[PDB]
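Shown next, in structure tokens, is the structure this report addresses.
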Amino acid sequence: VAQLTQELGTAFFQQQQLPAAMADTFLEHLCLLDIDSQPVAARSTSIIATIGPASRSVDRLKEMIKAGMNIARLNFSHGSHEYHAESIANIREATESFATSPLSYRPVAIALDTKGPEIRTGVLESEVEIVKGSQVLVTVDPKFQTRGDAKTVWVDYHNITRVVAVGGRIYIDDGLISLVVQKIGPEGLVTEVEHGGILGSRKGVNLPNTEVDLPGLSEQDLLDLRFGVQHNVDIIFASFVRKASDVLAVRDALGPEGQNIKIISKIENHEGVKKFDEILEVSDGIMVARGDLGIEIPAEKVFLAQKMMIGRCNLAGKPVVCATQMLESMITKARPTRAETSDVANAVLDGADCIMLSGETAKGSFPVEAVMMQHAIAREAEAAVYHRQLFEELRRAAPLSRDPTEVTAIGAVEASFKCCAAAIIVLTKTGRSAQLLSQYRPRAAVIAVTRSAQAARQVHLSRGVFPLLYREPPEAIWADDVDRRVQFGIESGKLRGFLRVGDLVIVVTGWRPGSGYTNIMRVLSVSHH
Amino acid sequence: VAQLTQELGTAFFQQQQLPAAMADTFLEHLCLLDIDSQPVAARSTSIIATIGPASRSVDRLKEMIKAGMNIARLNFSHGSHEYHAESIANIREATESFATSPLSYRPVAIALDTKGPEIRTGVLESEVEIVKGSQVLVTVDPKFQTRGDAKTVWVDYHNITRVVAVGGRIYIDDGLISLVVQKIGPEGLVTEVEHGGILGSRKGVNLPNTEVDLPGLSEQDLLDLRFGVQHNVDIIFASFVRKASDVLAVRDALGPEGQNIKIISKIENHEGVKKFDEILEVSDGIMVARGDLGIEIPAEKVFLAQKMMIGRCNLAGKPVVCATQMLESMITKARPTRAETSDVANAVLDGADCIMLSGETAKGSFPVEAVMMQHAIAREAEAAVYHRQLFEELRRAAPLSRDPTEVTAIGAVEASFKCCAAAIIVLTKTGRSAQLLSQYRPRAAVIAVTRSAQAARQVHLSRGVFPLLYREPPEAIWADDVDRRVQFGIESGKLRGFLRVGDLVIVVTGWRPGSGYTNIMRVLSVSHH
Amino acid sequence: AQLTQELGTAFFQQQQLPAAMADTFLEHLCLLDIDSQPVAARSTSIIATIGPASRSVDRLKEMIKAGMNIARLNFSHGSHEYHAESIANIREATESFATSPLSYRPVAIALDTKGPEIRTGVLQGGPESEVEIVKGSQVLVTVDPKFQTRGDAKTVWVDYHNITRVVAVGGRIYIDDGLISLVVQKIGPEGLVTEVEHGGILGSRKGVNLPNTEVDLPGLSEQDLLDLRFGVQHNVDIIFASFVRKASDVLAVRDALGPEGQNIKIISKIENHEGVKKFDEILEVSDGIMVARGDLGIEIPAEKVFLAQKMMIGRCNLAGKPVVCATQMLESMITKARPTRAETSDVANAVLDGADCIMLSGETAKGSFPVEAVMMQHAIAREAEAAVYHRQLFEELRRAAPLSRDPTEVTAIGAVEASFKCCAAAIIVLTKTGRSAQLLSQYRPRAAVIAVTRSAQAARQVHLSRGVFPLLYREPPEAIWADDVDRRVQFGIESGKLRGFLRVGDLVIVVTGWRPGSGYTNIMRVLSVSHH
Ligand SMILES: O=P(O)(O)OC[C@H]1O[C@](O)(COP(=O)(O)O)[C@@H](O)[C@@H]1O
Ligand SMILES: O=P(O)(O)OC[C@H]1O[C@](O)(COP(=O)(O)O)[C@@H](O)[C@@H]1O
Ligand SMILES: O=P(O)(O)OC[C@H]1O[C@](O)(COP(=O)(O)O)[C@@H](O)[C@@H]1O
């Protein structure tokens, strides 16, 4: 390091947690972390924002995008087709409003989140108080579908009496209320309230440690997916995936016409956790859906499942998302808690490709500030990653490969470490080439230049890929068309402030048109032309 | 491992995250973590609970102690001597209520938390609304000491006009309200409200990135410390330590008569962080006081300072405490958020010796449940620690030593790993011998048998030390007195459920009476006598 | 390593590939396998000393086929014209193969300096009179020139004048392969009053060593100044500078090679304790190092030499400069067809230690099996090269090497990392000076670094760097520079194909630059070997 410190300035090595990057143990790494060491890199951890009343206006979205939202989540657990279709128009209006200047345009992906195997309570309307210590009944009786009170809950899962056990829990409304079952019979269940809040009407029920007969996709889901194809969505977040076949069902539904759509299976319960490896293998990636997961399993165990699934997805090289209550208190407050700040940082340090806002952006008072807070924590945490260890462990775990794109990608990432490259610039049609760079977690941003609008959107799922959408039509000479895409990477980089004159860039390209021929790594100096 | 699996049962190696313990990389470690793998060990991370209205009754304390409170924190920022003196009696009444049965008696330490260099607002009384966008004034004018409104704040730091800068912040009431200074003059400051809540009367002010002339100990502090000596407290949490001399001031105050009291310096601001190494060297340990720290420094950087200080304290072998908002939402709610759960786990995985509750126990609706939730997260996180790496890194970092107690301690911890010892049993007068075991972070509990009531209390600061207070008077033959203290460790272990017949224990003792002669490690089977 | 399905079960049996996949060095050792056959590409260079048994053009030709890469001219013996006869003989043997330039093996020529000598005077006149000395004795070492010929059993004179000053009371005086030791007792005006320790027979003008003494001689005799200038005249690739002791001795050789010899590669020979102590400063200003174990194992205890060897190979590996292991590697083979079990072991362990080259002295120069010596070193080195634990070596070198903004450095480590991901048969590099190939060498890839060059000198000099197989390209530039680049690469690959280094469906990493002239290497491509 003594020589770049005479060339790049003493202060270059004070930023990006570079003193901590050069440590020889994880422990020493931790000791050298410095609050005055400023993140300089662009932010690599994608932000996912749930659209709802607080974030659906075209002007709201424009501020979200400016703040750093990369992916928009449509939760089909609430709202009609036309409501969502309008969310989509407003998002594409906001996004496409920056097309004016191609060099600074930010692709925004749109993720459709399924309703999935849901269990709802009755019309019970307004609201009624439920009391801890107190005896509540659960019935499947179609007459009570319309009645309901502090003493009786109806629920639309007919066979509930066949699946629970004595001492098992029934949780209603995102786990707000807890009932312990004491007696099972064919008429219904007899329950004591363990946790008593105020019950609304047609709420969500969870039954931990049960096998519920509800099939892969409800009729409602089949429809919701065909909407997504019709509206050209980029990603499905598949709710409550329990086994592989559940993911295959989803793929079949999307059929030939939506085979390029990414399936992110949400692990929400003990079944998904247990069947995780088989879910991973057929999904495009994973969401640690900590909300359902923290009622389906004991709450003090969610961190184990989080770190497990993130690790296995890092090892598999498929994107993984951390979700739910990351900045919960910013629903009502403008500044998050010390534990929220911690949780966002620890999700990045764990190895998450994406972090997610729900309430915070859908309904809260501070949607834009939440996005801004995730963006600011993420940048700090990314630079505090111990790349030495991480890269070496990924290097080792990864199999040998005779695939030129794999070979090229690992040489390029190594190269970027050797010189502290400001960027790896890569041409990709499908995103694949950038993904294989991303899977080694380089410090250097992976600037992916593509003509596929859809690719530019989907690559937000892979940590460290900055998609640039290329709009100009083919030069006549292919080699020229290549240079210009590369030159567009650089100029965009310059304008967006990720690259400056004198920076080194690694440039990854291929020897002919089409997917699958990336085979070339160059080392260039950014220049003034 | 194939042989203990034929001896101890296949299922022994399914618990304590033992499959993950046997992994060869950190990454693989993470992948093997298992939500069905049950923590079996006792909980090693001490819990600190702030005493206040919700946790001051003798009956409340008894449930706190049962739930797992190890250290009681008296916050001298609120309350009079007689109020606190009564907190102390109630704590000692609760604690000493279990002396009935020596084999299950749990020492409870009492920590005195200083008021420290405080800056307070005026009598302003009741409450008044302060508004974002709006022009507020700060004055030192003794006339306004009694007035105050949505347009004027008084504050008792006379020289405030001499220490701030334009664009600097003034934060009032645990950072509830934020003012940006725009004009400085000798009469006062002119400020815009950035963050507007509701102001009370005589609240706390923070001035980030300023040097305030306020001396080491205020007059009030001198007194508060002499109370602590008089009331036999175990620990000082020294508020807002800024430099070493601040810690020496505290030690001088306690004078000869309180030289065995432990000083834990609270790092709350950019000055303490910068001067951390020199603070550590003279303190007995550290508190990451994330509350003040998250307003004194940018909030998105607290995790860097946390992980830094925890690492440096692990490396130094001195206790370190993580504090503030760990389970904040349990002030009003019975179940914490997914990020609170995360934060507690990540503080244990970071290497914290102690975790802390404030609001959650002092004033909230759910004091006992908060303690129970910290206890349950901590147990899970402790077993998910990657001991392979951690022990090796501590082994390496630690200097060579010709001190027999150091030598013995590292052999013993190695030994405990070889056999998955249920416990290391150690005789200590002062606690030192158990501390040097603790500093290598064994999986096996360090059961410390002592006659010093005060030691039994203070060793709660060191991760993994379970103090047992020994009450029987000296056998005539010293060797016999040793065996019996050791036999008391075992029986206590048996009764409390940390040891069973057939378990291996490492037993650490010394060759003569007095501190400093620990030099002996034995390997024993727990027996039926 | 599940890919096995495409390259065959067979592939992961060979090259010590199971031992390469071990997580620990101990597991690595455990998985070493005598049935796991090595590749043809042998990456550690053989320096053969040229003397009586290795001068015949027929023998040189055999020695080249056996796998000799550098030819050492020991200028301690032989005449200028003797040597020019050797040089011309070598060139003839080398150039006899230029006829098929796809299998042409460049052969470097190294000039081994005579350097600071210290000789004993004549014994009572006669040049074959052989005194004896008794152990518990008294002996005298003199400056005085009349004793030159008056050489008693009690008194001897020696070339080196300034011993009075430089050897102190207690210093040791070894004579003839350290057969005779003297502990210096008194620094008299007479000379040095010594006490014998070991004894035996004598002669006149036989080597003497000054253990732990800082030799006064300038580090270039007049004979060196003259041998060097001859070296420049005959276009030698490499100097082995004898008895290097400090940095100034290396600069003295660079000074004496002058502007005409700027591109001669200087390998400082570490022969003595002062050498070992000043090693780092010597290494800063040299292009490499010889571990000259002959003289070293007299000038320091024999049991300490493996320590000096291992330290110097490690420090050179760290610096990324070649290092030679020299002396008695196959001693027995002078007289016998086959080596001892300690000799093969010594060769394998030099390679596992990290030696860029291994040397044969008498085994090739004056001995009865020079061709089979070469063949032995060649066979052991291929087996030992595969038993290297690259996972740990590559990891340590990576971590030890500094960050660089030099695109050649950057490209190189990228290429080496790529080679490892896919078990590349080769890294094909274009280089004018050798530098681009050396910068690959430094990371010790398992794949052969096939260096394509038009520089005949570079192609020869590059044998110093482990794993670099030089090819000489003769064709004149194509019209279009890009077509000229591609033709060199193709030469590289077809050259490989002919020699067995490469087979169709192998991956290669191809390293090249963006424009002509040195220092512009900046491109790495992954390609398949073609013409299925
Ligand atoms: O990442 P993917 O989808 O394989 O795309 C990589 C491809 O992009 C290119 O660089 C350029 O291809 P196009 O000119 O066909 O867009 C190819 O050379 C390479 O194979
Ligand atoms: O941990 P410390 O304070 O050094 O105490 C260790 C001491 O305790 C003992 O085991 C027993 O000492 P006492 O019998 O004096 O309590 C000593 O042998 C040993 O030196
Ligand atoms: O190894 P060196 O001395 O830097 O030589 C490397 C040079 O070889 C090349 O591949 C070809 O250059 P030439 O055509 O000058 O031989 C250059 O692009 C590159 O800079």
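Lettering and numbering for the structure tokens are positional, with chains as A, B, ... in the shown order, residues counted from 1 in each chain, and ligands counted from 1 in the shown order.
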
Taking only C-alpha atoms and all ligand atoms into account, report as a short mmCIF file (atom, residue, chain, number, x, y, z; two decimals) with C-alpha atoms, in the first residue's frame which residues have an atom no farther than 7 Å from an atom of ligand 2.
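Below is the file that was written, pocket_11.cif:
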```cif
data_model
loop_
_atom_site.label_atom_id
_atom_site.label_comp_id
_atom_site.auth_asym_id
_atom_site.auth_seq_id
_atom_site.Cartn_x
_atom_site.Cartn_y
_atom_site.Cartn_z
CA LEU B 427 -11.72 -20.77 42.61
CA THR B 428 -11.12 -16.98 42.70
CA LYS B 429 -10.86 -14.42 45.53
CA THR B 430 -10.87 -11.24 43.36
CA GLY B 431 -12.43 -12.62 40.15
CA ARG B 432 -9.17 -12.29 38.20
CA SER B 433 -8.76 -16.06 37.57
CA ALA B 434 -12.24 -16.39 36.08
CA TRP B 478 -6.64 -25.88 53.46
CA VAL B 482 -10.44 -26.28 48.32
CA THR B 509 -7.30 -24.07 41.37
CA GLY B 510 -4.00 -22.82 42.87
CA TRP B 511 -1.27 -24.22 45.04
CA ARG B 512 -1.65 -21.91 48.12
CA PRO B 513 -3.99 -19.31 49.63
CA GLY B 514 -4.17 -15.73 48.38
CA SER B 515 -4.63 -14.17 44.93
CA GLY B 516 -2.17 -14.92 42.18
CA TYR B 517 -1.32 -18.63 42.58
CA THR B 518 -3.83 -20.27 40.24
#
```

Pull out every residue of chain B that has at least one atom within 8 Å of chain A, counting only C-alpha atoms, and report them as an MDAnalysis selection string. chainID B and resid 25:28 30:35 195 290:291 294 299:305 307:312 315 324:328 334 337:343 345:346 373 376:377 380 384 390 393

In range 378-526 of chain B, DSSP strand (DSSP E or B) residues written as a ChimeraX atom specification: /B:423-427,445-450,465-469,504-510,518-525

Based on the selection just made, write C-alpha atoms of those residues as a PDB file, in the first residue's frame.
```pdb
ATOM      1  CA  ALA B 423     -18.153 -26.247  32.737  1.00  0.00           C
ATOM      2  CA  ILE B 424     -14.881 -24.792  33.849  1.00  0.00           C
ATOM      3  CA  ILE B 425     -14.965 -24.528  37.686  1.00  0.00           C
ATOM      4  CA  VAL B 426     -12.492 -21.982  39.088  1.00  0.00           C
ATOM      5  CA  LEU B 427     -11.720 -20.771  42.613  1.00  0.00           C
ATOM      6  CA  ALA B 445     -19.611 -21.938  31.335  1.00  0.00           C
ATOM      7  CA  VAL B 446     -17.041 -20.588  33.798  1.00  0.00           C
ATOM      8  CA  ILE B 447     -18.464 -21.392  37.249  1.00  0.00           C
ATOM      9  CA  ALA B 448     -16.549 -19.121  39.670  1.00  0.00           C
ATOM     10  CA  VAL B 449     -16.683 -20.135  43.368  1.00  0.00           C
ATOM     11  CA  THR B 450     -15.767 -17.190  45.688  1.00  0.00           C
ATOM     12  CA  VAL B 465     -18.735 -16.265  34.468  1.00  0.00           C
ATOM     13  CA  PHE B 466     -21.467 -17.725  36.710  1.00  0.00           C
ATOM     14  CA  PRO B 467     -20.655 -16.523  40.284  1.00  0.00           C
ATOM     15  CA  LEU B 468     -21.473 -18.791  43.211  1.00  0.00           C
ATOM     16  CA  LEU B 469     -21.140 -17.154  46.679  1.00  0.00           C
ATOM     17  CA  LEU B 504     -16.667 -33.546  32.147  1.00  0.00           C
ATOM     18  CA  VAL B 505     -15.621 -30.424  34.056  1.00  0.00           C
ATOM     19  CA  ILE B 506     -12.294 -28.605  33.930  1.00  0.00           C
ATOM     20  CA  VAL B 507     -11.365 -27.524  37.469  1.00  0.00           C
ATOM     21  CA  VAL B 508      -8.927 -24.652  37.928  1.00  0.00           C
ATOM     22  CA  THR B 509      -7.299 -24.068  41.371  1.00  0.00           C
ATOM     23  CA  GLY B 510      -4.001 -22.817  42.873  1.00  0.00           C
ATOM     24  CA  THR B 518      -3.831 -20.273  40.239  1.00  0.00           C
ATOM     25  CA  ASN B 519      -1.662 -22.809  38.478  1.00  0.00           C
ATOM     26  CA  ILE B 520      -3.570 -26.046  38.262  1.00  0.00           C
ATOM     27  CA  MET B 521      -6.041 -27.567  35.800  1.00  0.00           C
ATOM     28  CA  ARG B 522      -7.764 -30.936  36.394  1.00  0.00           C
ATOM     29  CA  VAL B 523     -10.213 -32.956  34.295  1.00  0.00           C
ATOM     30  CA  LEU B 524     -13.029 -34.602  36.289  1.00  0.00           C
ATOM     31  CA  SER B 525     -16.203 -36.527  35.690  1.00  0.00           C
TER      32      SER B 525
END
```

Can you list, as a VMD selection string, every protein, DNA or RNA residue that comes within 7 Å of residue 67 in chain C when you count only C-alpha atoms, leaving out same-chain residues fewer than 2 positions away? chain C and resid 63 to 65 69 374 to 375 378

Students should find that CA of residue 116 in chain B and CA of residue 83 in chain B are spaced 18.6 Å

Nearby residues, ligand 3, 12 Å, only C-alpha atoms and all ligand atoms, as a PyMOL selection string: chain C and resi 406-409+411-412+428-440+451-455+458-459+462+472-489+510-524

Let's have the selection written as a short mmCIF file (atom, residue, chain, number, x, y, z; two decimals), in the first residue's frame, with C-alpha atoms.
```
data_model
loop_
_atom_site.label_atom_id
_atom_site.label_comp_id
_atom_site.auth_asym_id
_atom_site.auth_seq_id
_atom_site.Cartn_x
_atom_site.Cartn_y
_atom_site.Cartn_z
CA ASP C 406 0.21 -0.81 -13.02
CA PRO C 407 -2.08 -2.46 -15.60
CA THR C 408 0.47 -5.16 -16.32
CA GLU C 409 0.47 -6.13 -12.54
CA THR C 411 -3.73 -8.04 -15.52
CA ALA C 412 -1.22 -10.63 -14.37
CA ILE C 428 0.03 -17.38 -23.20
CA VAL C 429 1.69 -13.96 -22.89
CA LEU C 430 3.31 -11.59 -25.39
CA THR C 431 6.34 -9.82 -24.01
CA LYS C 432 9.24 -7.82 -25.53
CA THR C 433 11.50 -7.77 -22.42
CA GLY C 434 10.11 -10.76 -20.40
CA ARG C 435 8.56 -8.45 -17.79
CA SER C 436 4.92 -9.37 -18.59
CA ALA C 437 5.78 -13.07 -18.19
CA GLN C 438 7.77 -12.50 -14.98
CA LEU C 439 4.82 -10.67 -13.41
CA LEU C 440 2.79 -13.92 -14.01
CA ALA C 451 5.95 -16.44 -23.37
CA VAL C 452 6.01 -15.44 -27.07
CA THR C 453 8.82 -12.98 -27.98
CA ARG C 454 10.96 -11.72 -30.90
CA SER C 455 13.77 -10.81 -28.47
CA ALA C 458 14.57 -12.07 -23.51
CA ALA C 459 13.60 -15.61 -24.63
CA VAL C 462 13.31 -15.67 -19.09
CA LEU C 472 11.12 -17.35 -30.22
CA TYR C 473 9.03 -15.76 -32.97
CA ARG C 474 11.03 -15.11 -36.19
CA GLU C 475 8.32 -13.87 -38.70
CA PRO C 476 8.53 -10.11 -39.53
CA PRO C 477 5.64 -7.78 -38.61
CA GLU C 478 2.39 -8.24 -40.47
CA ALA C 479 1.03 -5.02 -41.99
CA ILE C 480 -1.75 -4.57 -39.37
CA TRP C 481 -0.49 -4.71 -35.72
CA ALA C 482 -3.65 -6.51 -34.50
CA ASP C 483 -3.05 -9.32 -37.08
CA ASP C 484 0.58 -9.55 -35.89
CA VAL C 485 -0.60 -9.98 -32.27
CA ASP C 486 -3.00 -12.74 -33.26
CA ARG C 487 -0.29 -14.57 -35.24
CA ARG C 488 2.04 -14.56 -32.21
CA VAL C 489 -0.79 -15.92 -30.08
CA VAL C 510 -4.16 -15.11 -23.29
CA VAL C 511 -2.47 -11.96 -22.07
CA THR C 512 -1.62 -9.11 -24.54
CA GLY C 513 -1.49 -5.30 -24.59
CA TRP C 514 -3.48 -2.52 -26.24
CA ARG C 515 -0.56 -1.07 -28.33
CA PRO C 516 3.06 -1.76 -29.37
CA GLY C 517 6.16 -1.51 -27.17
CA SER C 518 6.82 -2.57 -23.57
CA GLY C 519 4.61 -1.75 -20.61
CA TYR C 520 1.18 -1.79 -22.26
CA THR C 521 0.02 -5.33 -21.23
CA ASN C 522 -3.56 -4.86 -20.12
CA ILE C 523 -5.80 -7.56 -21.63
CA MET C 524 -6.73 -11.06 -20.51
#
```

Excluding same-chain residues fewer than 2 positions from residue 224 in chain B, what lies within 12 Å of it counting only C-alpha atoms, as a ChimeraX atom specification? /B:74-82,84-85,112-116,217-222,226-231,233,236-238,250,253-254
